[PDB]
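Participant: Following this: a sequence and the matching experimental structure.
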Amino acid sequence: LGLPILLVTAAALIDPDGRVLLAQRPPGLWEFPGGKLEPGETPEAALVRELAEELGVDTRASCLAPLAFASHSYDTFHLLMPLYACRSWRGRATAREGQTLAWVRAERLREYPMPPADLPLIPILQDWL
Amino acid sequence: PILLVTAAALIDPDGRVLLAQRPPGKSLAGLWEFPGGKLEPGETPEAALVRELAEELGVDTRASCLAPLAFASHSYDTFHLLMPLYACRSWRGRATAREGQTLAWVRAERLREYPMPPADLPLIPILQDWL
Ligand SMILES: Nc1ncnc2c1ncn2[C@@H]1O[C@H](COP(=O)(O)OP(=O)(O)O)[C@@H](O)[C@H]1O
């Protein structure tokens, strides 16, 4: 059964040390920061404001380098989720939306329970890092 | 507005990857590109690629043979291209140009010899590593 595509952006902020930023969903699993797209927005632009909204992070669409993507079918929509790698941003990441953050080293990634759709991105992130 | 396109990287047993040259005289006429195309209503990007590989090359594969490899995201003048790329090592039938296009099985190091749209260009290193 044909379903609509839902585009969700994902950023992997990466430390000068190589730790990747992960965000846990507030009560009421870990995932990459990002979110749904909005009209007019390039995906790079939707990520740039979600990074500011969610983390207080300030970066340029040009600092966002395409890395990989997740593609997964749910019941009412198929998820397509491009993951961007970001090594340069201004300000330090703070949980503005009541979430808990975590900078985790490539190897400890599998210690973080993620939504099943995000799982395939982990091996890819590791090989990259 | 966003335009979604799905590209496949067919790899044969000997490491070569298939490129298809756009014909005259459509957008980006003589440039080489990874086979694929627009998605139709209700299609998963995988399903679109399955249909596309069949129409374009008479190549028959399944969704589960498609490995998320990377994506291109380029700003063009009228639309913004978001283009997921999948690796594919397993398909039935020999790849044959059905839509006019000219084909090339290129060894990874020679990927540079083939001019592509500027949007596909970042995909090459990501492909070279993967291989
Ligand atoms: N590597 C690519 N493969 C397919 N389409 C691409 C690619 N790179 C950019 N595009 C753009 O996306 C559109 C997809 O091509 P196509 O589906 O055949 O529409 P058209 O009939 O105008 O060629 C193109 O128009 C093209 O400009």
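Facilitator: Looks like it came in fine. Numbering: from 1, shown residues only, chains lettered A, B, ... in the order given.

Participant: quick one: contacts for residue A:21?
Facilitator: By CB atoms under 8 Å, 6 or more residues apart in numbering or on different chains, the contact set of residue A:21 is A:11, A:12, A:13, A:14, A:32, A:33, A:55, A:93, A:101, A:102, A:103. In this view, the C-beta of every residue, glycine as well, is placed from N, C-alpha and C.

Participant: That one: which element?
Facilitator: Taking DSSP states H and E as the definition, residue A:21 sits inside strand A:19-24.

Participant: follow-up on the earlier one: export the contacts of residue A:21 as a markdown table, with columns for secondary structure.
Facilitator: Shown next, in a markdown table, are those (DSSP: H, G, I helix; E, B strand; the rest coil):
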| residue | secondary structure |
| --- | --- |
| A:11 | strand |
| A:12 | strand |
| A:13 | strand |
| A:14 | strand |
| A:32 | coil |
| A:33 | coil |
| A:55 | helix |
| A:93 | coil |
| A:101 | strand |
| A:102 | strand |
| A:103 | strand |
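
Participant: Switch these over to TSV; also include neighbour count and distance to residue A:69.
Facilitator: Formatted as TSV, the contacts of residue A:21 follow (neighbours: other CB atoms under 10 Å in any protein chain shown; distance: CB to CB, whole Å):
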residue	neighbour count	distance to residue A:69
A:11	29	13
A:12	22	12
A:13	24	17
A:14	21	17
A:32	23	12
A:33	24	16
A:55	24	21
A:93	17	23
A:101	16	23
A:102	15	23
A:103	14	23
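
Participant: Nearest to chain B: which residue in chain A?
Facilitator: residue A:2 (1.8 Å; CB to the nearest CB).

Participant: all helices for chain A, in order.
Facilitator: A:43-55, A:121-128 (DSSP state H).

Participant: In TSV: those, plus distance to residue A:84.
Facilitator: Output for the helices of chain A, formatted as TSV (distance: least, CB to CB, whole Å):
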stretch	distance to residue A:84
helix A:43-55	6
helix A:121-128	11
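
Participant: among those, which is the most enclosed?
Facilitator: By mean neighbour count, with neighbours taken as mean count of other CB atoms under 10 Å in any protein chain shown, helix A:43-55 ranks first of the helices of chain A at a mean of 20.

Participant: who touches that one?
Facilitator: Residues from elsewhere that reach helix A:43-55 (CB under 8 Å, 6+ apart): A:7, A:9-11, A:13, A:21, A:23, A:33-38, A:57-62, A:64, A:82, A:84, A:86, A:89, A:93-97, A:99, A:101, B:2, B:73, B:80, B:82.

Participant: Can you say which of those are buried?
Facilitator: When those are checked for burial by 16 or more other CB atoms under 10 Å in any protein chain shown, the buried set is A:7, A:9-11, A:13, A:21, A:23, A:33-35, A:37, A:57, A:59, A:61, A:64, A:82, A:84, A:86, A:89, A:93, A:99, A:101, B:2, B:73, B:80, B:82.

Participant: what does chain A have sitting close to chain B?
Facilitator: Neighbours of chain B within chain A, by CB under 8 Å from any CB of the partner chain: A:1-5, A:7, A:37, A:42-44, A:66-71, A:73, A:78, A:80, A:82, A:120, A:124.
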